[PDB]
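Observations on the three-dimensional arrangement
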Amino acid sequence: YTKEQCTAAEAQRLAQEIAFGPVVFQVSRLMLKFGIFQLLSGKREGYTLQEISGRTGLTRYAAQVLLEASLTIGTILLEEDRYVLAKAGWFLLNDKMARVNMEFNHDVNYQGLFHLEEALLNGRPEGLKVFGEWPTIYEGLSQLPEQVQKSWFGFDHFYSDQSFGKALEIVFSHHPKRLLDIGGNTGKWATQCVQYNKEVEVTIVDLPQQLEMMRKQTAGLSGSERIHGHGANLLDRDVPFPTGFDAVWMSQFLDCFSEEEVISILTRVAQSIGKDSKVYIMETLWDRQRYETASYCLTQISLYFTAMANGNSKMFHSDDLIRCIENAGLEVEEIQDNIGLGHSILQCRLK
Amino acid sequence: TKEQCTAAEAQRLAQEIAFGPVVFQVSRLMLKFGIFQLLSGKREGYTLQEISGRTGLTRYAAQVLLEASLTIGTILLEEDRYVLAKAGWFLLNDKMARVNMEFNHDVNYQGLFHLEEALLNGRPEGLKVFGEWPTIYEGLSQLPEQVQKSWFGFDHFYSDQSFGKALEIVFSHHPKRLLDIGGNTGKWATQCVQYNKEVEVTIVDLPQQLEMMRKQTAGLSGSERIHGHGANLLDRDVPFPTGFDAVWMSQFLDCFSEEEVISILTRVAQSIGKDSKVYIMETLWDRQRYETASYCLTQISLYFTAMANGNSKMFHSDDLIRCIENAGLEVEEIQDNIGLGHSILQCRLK
């Protein structure tokens, strides 16, 4: 939260780091992929270049160039003539957030990021064009390569998934009858509800394609006779929302829409409902994080929406989201937050 | 230099490393869109609104850059107005950072994505993002305008532009003829020919390259005394012209495999007398007085891997020295820290 001066004129080094981000990223990806961080992991004493070479079956050249570049980046150290894992390498190896983000940035983002410039300029996801010509990554998804899909789904899960105690005990503090979950195409949330309260009925809204997976994924889970799908297109027209729901829920949904789109979806939400029903918006807000690293990540992430999938959209700053809510005719009745990996929840109501 | 440096904020680095490409593009545009500039104006800093208007960026387009940069740390927040930070300044005003950034976007960005295959297959798999000459050297004249600008800038900035020390190291032996291998801009030869009034300099490089150097050295002071010698430094078969009491290679040669180096250096060993001195001038990362320099040079080697040969690099000196000794020479003297971190090795047969 700093954002108020952090570096001696060793800020000069940061510039250079920034300037070499592409190389650094790539070299660390491979240090990992080729199994060198792992190799170093299991030998405190470390290994020589000829040794790393031998074990990994990489040219001496190939290994020297990665190892040298990592030595100065600082993911490994040099002792006598052996390279040893440094702490930063250990995290690349072991931190699930880093592995997720890195894999994501390679398979989904790397190439398209070249075209971020025109993406900012034009107001659409110009990077997506290196895969195809869909309006959004959402629509083109079923068509991206294996690996690209793999990494995207990992990203989508790592930042969405969770648990859901805090959240659960809050929403049900109002003993609701029918929760309408807009966009939870996995059913994990509705699963939790169902298995938490024994007569709530949950209706998930989403594109039909997406609800075939929810039924797949949710197949023979412990309360699923009470989980219902309702196909929709979430497009200004009728896309009116079902009605008679005591709860309405939206999680990691809608950081993938414009503000303009977000206010439209909400106003249309603000019609489903009576002055009795609560509206819950759960989101990863970059400005409201426990850990600064979390803030850093979320704001770097925002750019994938810009390059791939734009016409939108970003990890919200709480102020904007709160502004967007109040214009849909709703009011935040409290922003309890900091649940799971730093997911804030906004309990709103009508009026 | 090397011994553990980070708290367990090794964890943040892992993430910084993970987001390199985002960090890079975001910061590249904060330059291009002139947002660092605008910010280096009013010390007070500007507001987000003021910033979209001033730039013509959507505001979304602008928020998104500002927010990423805020956390990167290149700018800095005051109430509701952004200020430029020290790191933004270095990007704004430091020439090295600008050369690299521009080099990496225009020349390397897209191709690095194939670094894996290049490291596996031992050629520059990245180059195919533009064409597929064997090498970046044979495709230079064919890359996009902007790519050419950025490569030449890189090429210029990592060369000796000082010369002072080099001149005295070299002319302290009164060479009558100097053979300059790869000196295709003619810049070094111009210095020699204007330093001493009798020396005659011969540049060795591909015939086209030499057309360029006659262009470049056109109408300069010593040029009647600068000659070209058309060769395929590769052709392990053609011998080097002889009769030269100084042979010179500077920032050339880190463009060759160790193999090729030794090949090149043996052919040299066989052109010279016992009294001939041979100078190799490189930017050697292990000999740098400033850590930042080492850092860059080690990262700069991967442009070679992905984009150029797919098999050369910025040398660790132990390797340059080994190579030298296999070619059958020996290093007598070793001066470094010249200019932005150059070293010159003075060698001779034996």
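Residues numbered from 1 in each chain as written, not as in the entry; some residues may be left out. Chains lettered and ligands numbered in written order. Heavy atoms only, no water.

1. What about the domain arrangement of chain A?
Residue and element names in this part refer to chain A. Segmentation of chain A into domains returns domain 1 (1–94), domain 2 (95–161 + 286–311) and domain 3 (162–285 + 312–351). For domain 2 versus domain 3, the separation of C-alpha centres amounts to 22 Å. Contacts between the two partners involve 19 residues from domain 2 and, on the opposite side, 23 residues from domain 3. Summed over the shared surface of domain 2 and domain 3, the number is 1 salt bridge. The closest approach of N and O atoms between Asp 337 and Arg 288, which form a salt bridge, is 2.4 Å. Remark: the boundary between domain 2 and domain 3 carries 11 residue pairs in polar contact. Counting residues per element, the side of domain 2 that touches domain 3 draws most heavily on helix α14 (residues 292–307), at 5 residues. (Domains from an automatic or database assignment. Contact = heavy atoms within 4.5 Å. Salt bridge = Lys/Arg side-chain N within 4 Å of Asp/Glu carboxyl O. Polar contact = N/O pair within 3.5 Å; in protein donor to acceptor, adjacent residues only side chain to side chain. Helix = DSSP H or I, 4+ residues; strand = E, 2+ residues; numbered from the N terminus.)

2. Here we look at the pattern of salt bridges
This model, assessed by the stated rule, comprises 34 salt bridges over all chains. Here B:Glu330 makes a salt bridge to B:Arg348, at a shortest N to O gap of 2.8 Å. With B:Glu330 in strand β9 (residues 329–338) and B:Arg348 in strand β10 (residues 342–349), the pair connects residues that are 18 residues apart, well separated along the chain. For B:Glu330, a relative accessible area of 22% gives the class partly exposed. Classification of B:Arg348 as partly exposed rests on a relative accessible area of 26%. A single salt-bridge network, built from bridges that share partners, covers A:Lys3, A:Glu292, B:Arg12 and B:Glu16. (Buried < 20%, exposed > 50% of the residue type's maximum accessible area, 1.4 Å probe, protein only.)

3. Thoughts on α14(A)
Residue and element names in this part refer to chain A. Across its 16 residues, α14 extends 24 Å between first and last C-alpha, which sits within 8% of the 22 Å expected from 1.5 Å per residue. The element α14 is extensively covered by neighbouring structure, given that 15 of its 16 residues are classed as buried. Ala 309 sits one or two positions beyond α14 and adopts a positive phi of about 100 degrees. (Expected span 1.5 Å × (residues − 1).)

4. A closer look at the packing of aromatic side chains
Here the distance between the centres and the angle between the planes together describe a pair of aromatic rings. Evaluation of the coordinates by the stated rule reveals 34 aromatic pairs over all chains. Taken together, a centroid distance of 4.9 Å and an interplanar angle of 55 degrees make the contact between B:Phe103 and B:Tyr303 tilted. Taken together, the positions of B:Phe103 in helix α7 (residues 95–112) and B:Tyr303 in helix α14 (residues 291–306) put the pair 200 residues apart, joining distant regions of the chain. The exposure class of B:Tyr303 is buried, given its relative accessible area of 3%. Between B:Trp151 and B:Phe152, the aromatic rings sit 5.4 Å apart at their centres with planes inclined by 80 degrees, giving edge-to-face as the arrangement. Put simply, the rings of A:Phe104, A:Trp152, A:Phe153, A:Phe155, A:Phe158, A:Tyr159, A:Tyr304 and A:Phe305 pair up and form one aromatic cluster. Above the ring of A:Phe245, the side-chain terminus of A:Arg178 is found at 4.1 Å from the ring centroid. We note B:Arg12 situated over the ring of A:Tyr296; from NZ or CZ to the ring centre the distance is 4.3 Å. (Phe/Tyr/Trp six-rings, centres within 6.5 Å; stacked < 30°, edge-to-face > 60°. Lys NZ or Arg CZ within 6 Å of the ring centre and 35° of its normal.)

5. Points about the interface of chain A and chain B
In many reports, interface size means the accessible area that the parts give up when they come together. Counting residues at the interface gives 84 residues for chain A and 87 residues for chain B. Buried area between chain A and chain B, both sides added, is near 7700 Å², and the carbon and sulfur share of it is 67%. Of all residues in chain A, A:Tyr61, A:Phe114 and A:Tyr296 give up the largest surface area on contact with chain B, accounting jointly for 10% of the area buried on that side. There are 10 salt bridges connecting chain A and chain B. A salt bridge links B:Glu291 to A:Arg13; the shortest N-O distance between them is 2.8 Å. (Buried area = accessible area lost by both parts, 1.4 Å probe.)

6. Comments concerning the sheet that holds strand β9 (residues 344–350) of chain A
Residue and element names in this part refer to chain A. The strand order across the open sheet formed by 7 strands is β5-β4-β3-β6-β7-β9-β8, and the pairing between neighbours is mixed. Single-partner strands in this sheet number two, and they are β5 (227–231) and β8 (330–332). Within this sheet the neighbouring strands show an average axis-to-axis angle of 25 degrees, counted without direction. Two strands pair when backbone bridges link them, and β8 and β9 are joined in this way by 3 bridges, in the antiparallel orientation. Directly across from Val 332, in β9, lies its bridge partner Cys 348. The sheet contacts of helix α12 (residues 208–217) involve β4 (201–206) and β5, and relative to β5 the element is tilted by about 165 degrees. (Pairing = 2+ DSSP bridges. Axes fitted to C-alpha atoms, helices over the stretch in contact; angles between N-to-C directions.)

7. Here we look at the nonpolar core
Within the largest apolar cluster, 143 residues are counted, with the highest numbers of intra-cluster contacts made by A:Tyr304 and B:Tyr158. Sorting elements by how many residues they give to this core places helix α1 (residues 11–33) of chain A first, with 13 residues. Setting aside residues up to four positions removed in sequence, B:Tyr158 forms contacts with A:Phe20, B:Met96, B:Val99, B:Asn100, B:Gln251, B:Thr283, B:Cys296, B:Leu297, B:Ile300 and B:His342. Residues A:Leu234, A:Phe253, A:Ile265 and A:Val279 belong to the second largest nonpolar core, which totals 33 residues. (Core = buried A, V, L, I, M, F, W, Y, C linked by side-chain atoms within 4.5 Å.)

8. Some thoughts on helix α4 (residues 48–55) of chain B
Residues and elements named next belong to chain B. The set of residues buried in α4 consists of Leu 48, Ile 51 and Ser 52. Each buried residue of α4 sits inside an arc of 95 degrees when the element is viewed along its axis, so together they form one side. Every exposed residue of α4 that faces more than 90 degrees away from the buried side is listed here: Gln 49, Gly 53 and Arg 54. Downstream of α4 by one or two residues, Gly 56 has phi in the positive range, about 85 degrees. (Arc of directions from axis to C-beta.)

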